[PDB]
Each structure stands twice: as structure tokens, then as C-alpha cells.
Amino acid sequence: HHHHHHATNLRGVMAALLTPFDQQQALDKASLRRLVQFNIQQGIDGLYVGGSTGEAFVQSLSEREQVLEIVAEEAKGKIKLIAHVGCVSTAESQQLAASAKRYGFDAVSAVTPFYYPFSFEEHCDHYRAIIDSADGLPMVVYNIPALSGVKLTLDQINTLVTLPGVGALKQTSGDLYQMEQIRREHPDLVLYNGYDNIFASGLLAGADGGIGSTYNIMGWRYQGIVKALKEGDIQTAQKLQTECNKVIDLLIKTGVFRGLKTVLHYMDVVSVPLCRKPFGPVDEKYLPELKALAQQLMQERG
């Protein structure tokens, strides 16, 4: 499918960008800019902006557009930029897609619309409408059954990823039989592994990249896994995945987004490491570990 061929340039390891907030839970613009540069300096292939990790679903459309605009100013032409524009509403999703186009993003993406049960035909129309509003930007279908409640069959996934204008699939599923099945059906499809804690295994199963939240603090590790596997150095790939999972273990305990924001706070990137309500603060007993992790990561990096 030629739409898959035309999206070849989107293959890679893309950080799901966090949205920094200030003490009053408004956008912290200076921290957002610092975070974008910090990701570029890690050697990340691109950014996935306004996704789950960006706390999109506790932001308004206007807030999401501001983030999109700022990220484009900072990063357009330097690394790939995918705009997650998905809302429950098709119309809202289209507005964000239109804005992504205006700001010069390389792609758009939409989570399968959630809360209300929609038919598969309704899902397909949703993506079509957003693709039209994206005005040439390729679409990354975003599948995350754990949070969306949307339970697509493989046949449905196949239809979705071959809609005109779709160039990739962000597969946030731990089912690696299905990962292999998708690769086998679509040999040229850009296929992002969505769960960071199985990245090496997802690549082996057929993913050709990833999009993840933990890439913000250790994206070079995931780059290092791609490299190890390409060279056939399985031991280095396993070692890196194991180190990633030790960190993921801690972030699951602390809360993932806020744990990441706190680590980035000790890396001097984020000024105030809060998520938006109803997310609460990181428990203070985890602070030594998170600071320790921040120190560990800079020392292996710098």
C-alpha cells in the first residue's frame, strides 16, 4: 500500500512528550522548551506531542494547540514531529489536525475515540474525517486497548491501517503475536512499539520503532537497543531492556508521568514536576530514589 511507502520517513524512536506545568497548573512554556531540546540532545528521532503522556485529556483544545505551536518553533526541521490530535469528538480532533498542519507537523495521530461505544464503521469515519483535515499529513492510528476500552480485531486493525492517508500504527499492546501478525500483513507499515517495558521483544516481533513516555529521560537506551539488535548483539539489547525495566518498575510505583517529571526536575529541565488534577503529587518517600535515578542517568549520559 503506497500510503505505507510514503510514510517510511516516520520510522524511528519517538519520545511521547510530557507537558510541563507551573505551580498554578498552567503551561510552563520555558520548561516545555527545555524538555524539547533535552530530547533532541539525547539523539531521539522525533516527538509525539499531545498524546496520553502529554496529559492531553486534561487540557483544552487551545492549550493543546499552544503546546503544538511551541514544539514546532523549537523542533521543526530538526527532528520528526507527530501531533496527537485525538479527542472523543471528531470535530475537535479535526481542529487540532488543521492546527498541526498550520504549524508544520510531519504527521497527525488519533487515539481510537473512547468512553462511548462506537461501531467499527464509526471509528473508520472518525479517522477519515481527521485525515481530510490533516490536509496531506499522514495519520498514525493509535491503539491502546487498556485505556481506550476499544477492542479491535486483527481484521479491523488491518482495515484501519490501510485507510487512505494512514502511514503508521502506534501499537500500545503487549500482545506480540498480534505485533508479528500486523508486520506480516503490512511489510512496509511503520509500526511503533507502545509499551516501553517490552521494547526489545516488540522489535523482535516486528515493530520497527517505538513511541514511549520513558524516552524523555533515557531515549538513548532505546536507540541503543535498536542498534544492538541491528548488529545482532542480543546480550547488549537484553542488558539495556533490563535497565529500562528497572526504571519502569520504579516509575510504576511513583506514578509514571509524575515520576518522569520529577526525574527531569533533578536534571534541571522541568521547574515544577506536577501533573494536573486529579493526578496527585509524587509521594515524598520516593524522592531519594528519583534523585538518585536522575544522577545515575546524567553520569552514564554526560
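Each residue number is its position in the shown sequence, starting from 1.
J.: Once you work out the mean C-alpha B-factor for both 8-16 and 21-29 from the entry, which is higher?
T.: Between 8-16 and 21-29, it is 21-29 that shows the higher mean C-alpha B-factor.
J.: Report the stretch with the higher mean CA temperature factor, choosing between 131-139 and 177-185 on the basis of the entry.
T.: Per the PDB entry, the higher value belongs to 131-139.
J.: Highest CA temperature factor in the entry: which of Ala207, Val108, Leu229, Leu96?
T.: Comparing C-alpha B-factors across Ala207, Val108, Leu229, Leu96, the top value belongs to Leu229.
J.: Quick one: which of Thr254, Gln41, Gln59, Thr53 has the biggest Cα B-factor according to the entry?
T.: Top of the list by C-alpha B-factor: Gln41.
J.: Using the B-factor values recorded in the entry, state whether the Cα atom of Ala75 falls in the lowest, middle or highest third among the modelled residues of its chain.
T.: Answer is highest: the recorded C-alpha B-factor places it there.
J.: Grab the CA temperature factor for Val263 from the record and place it in the lowest, middle or highest third of its chain.
T.: Top third by C-alpha B-factor.
J.: Could you tell me which third, lowest, middle or highest, the C-alpha B-factor of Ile234 occupies within its chain?
T.: CA B-factor rank for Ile234: highest third.
J.: Lowest, middle or highest third of the chain for the C-alpha temperature factor of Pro278?
T.: Answer is lowest: the recorded C-alpha B-factor places it there.
J.: If you rank the chain by CA B-factor, which third does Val67 end up in: lowest, middle or highest?
T.: CA B-factor rank for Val67: middle third.
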